[PDB]
Amino acid sequence: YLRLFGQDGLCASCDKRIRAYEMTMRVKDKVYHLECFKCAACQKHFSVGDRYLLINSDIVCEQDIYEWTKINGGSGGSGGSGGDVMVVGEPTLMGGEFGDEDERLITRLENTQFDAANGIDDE
Ligand SMILES: [Zn+2]
Ligand SMILES: [Zn+2]
């Protein structure tokens, strides 16, 4: 096996290399671009905090979910449990180094001060 530069999670929708920009969440088996993260029936874009359903090809929003599955699906309960929905995860930049090379060569003590407010949102 020969090594490759970049990412191994290509966009199964547009068949393009997911690198540098990407800014997407990790899906079940296949990874897709943010711009490519649109509905298969409405072609609309999804936002963080909303629940999405992954169809045979692309993502299908709750707006056309019933009518879409009704035409290309039907009836049939065969398999091993199926009825879960996932929320669109926030984008995480691949450009982030988290290492401690300075504390491994030289040992130094430092004092840090942080202020916390504490409080949750309801409305
Ligand atoms: Zn793509
Ligand atoms: Zn839709």
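Among the listed residues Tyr52, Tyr66, which satisfies the condition of being part of a strand (DSSP E or B) and either out of contact with any strand residue (DSSP E or B) (no Cβ under 8 Å at 6 or more places or on another chain) or in contact (Cβ under 8 Å) with a residue 12 or more places away in the chain (or both)?
Going through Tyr52, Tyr66 in turn, just one is part of a strand (DSSP E or B) and either out of contact with any strand residue (DSSP E or B) (no Cβ under 8 Å at 6 or more places or on another chain) or in contact (Cβ under 8 Å) with a residue 12 or more places away in the chain (or both): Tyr52.
Check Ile59 against each of (1) of a type in the set (A, V, I, L, M, F, W, C); (2) within 16 Å of ligand 2 (Cβ to nearest atom); (3) on the phi > 0 side of the Ramachandran plot and name the one condition it does not meet.
Checking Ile59 against (1) of a type in the set (A, V, I, L, M, F, W, C); (2) within 16 Å of ligand 2 (Cβ to nearest atom); (3) on the phi > 0 side of the Ramachandran plot, the one that fails is (3).
Within region 54-85, can you find the residues that are over 20 Å from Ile18 (Cα atoms) and in contact with a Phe, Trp or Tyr (Cβ under 9 Å, 6 or more places away or on another chain)?
Scanning region 54-85 gives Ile55, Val60, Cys61, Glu62, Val85.
Of the residues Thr92, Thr112, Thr107, which is surrounded by 10 or more Cβ atoms within 10 Å (Cβ to Cβ) and β-branched (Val, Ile, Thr)?
Result of the check over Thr92, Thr112, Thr107: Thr92.
Find the residue count for region 36-48, including only residues that are within 13 Å of the chain's Cα centre (by Cα) and either assigned to a loop (DSSP other than H, G, I, E, B) or more than 15 Å from ligand 1 (Cβ to nearest atom) (or both).
5
Quick check on my filter: what residues within region 5-28 are surrounded by 16 or more Cβ atoms within 10 Å (Cβ to Cβ) and more than 13 Å from ligand 1 (Cβ to nearest atom)?
Hit for region 5-28 is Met25, nothing else.
State all residues of region 49-86 that are small (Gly, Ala, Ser) and either away from ligand 1 (no atom under 16 Å from the Cβ) or touching a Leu at 6+ places or on another chain (Cβ under 6 Å) (or both); if no residue qualifies, say none.
The answer is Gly49, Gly73, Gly74, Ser75, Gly76, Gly77, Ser78, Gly79, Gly80, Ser81, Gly82, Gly83.
How many of the residues in region 49-89 are of a type in the set (D, E, K, R) and either surrounded by fewer than 10 Cβ atoms within 10 Å (Cβ to Cβ) or more than 23 Å from the chain's Cα centre (by Cα) (or both)?
Total meeting the criteria: 3.
Has region 15-23 got any residue that is touching a residue at least 60 places away in the same chain (Cβ under 8 Å), of a type outside the set (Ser, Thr, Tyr) and in contact with a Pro (Cβ under 7 Å, 6 or more places away or on another chain)?
Within region 15-23 (the criterion being touching a residue at least 60 places away in the same chain (Cβ under 8 Å), of a type outside the set (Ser, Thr, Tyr) and in contact with a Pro (Cβ under 7 Å, 6 or more places away or on another chain)), the answer is yes, since at least one residue qualifies.
Which residues, counting only those in region 29-48, are surrounded by 10 or more Cβ atoms within 10 Å (Cβ to Cβ) and away from ligand 2 (no atom under 14 Å from the Cβ)?
If the condition is that a residue be surrounded by 10 or more Cβ atoms within 10 Å (Cβ to Cβ) and away from ligand 2 (no atom under 14 Å from the Cβ), then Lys30, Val31, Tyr32, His33, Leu34, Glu35, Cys36, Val48 are the ones that fit.
Read the figures in this text as sums done on the coordinates, not as results from a lab. No Cβ is skipped: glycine too gets one built from the backbone with ideal geometry, and neighbour counts run over all protein chains shown.
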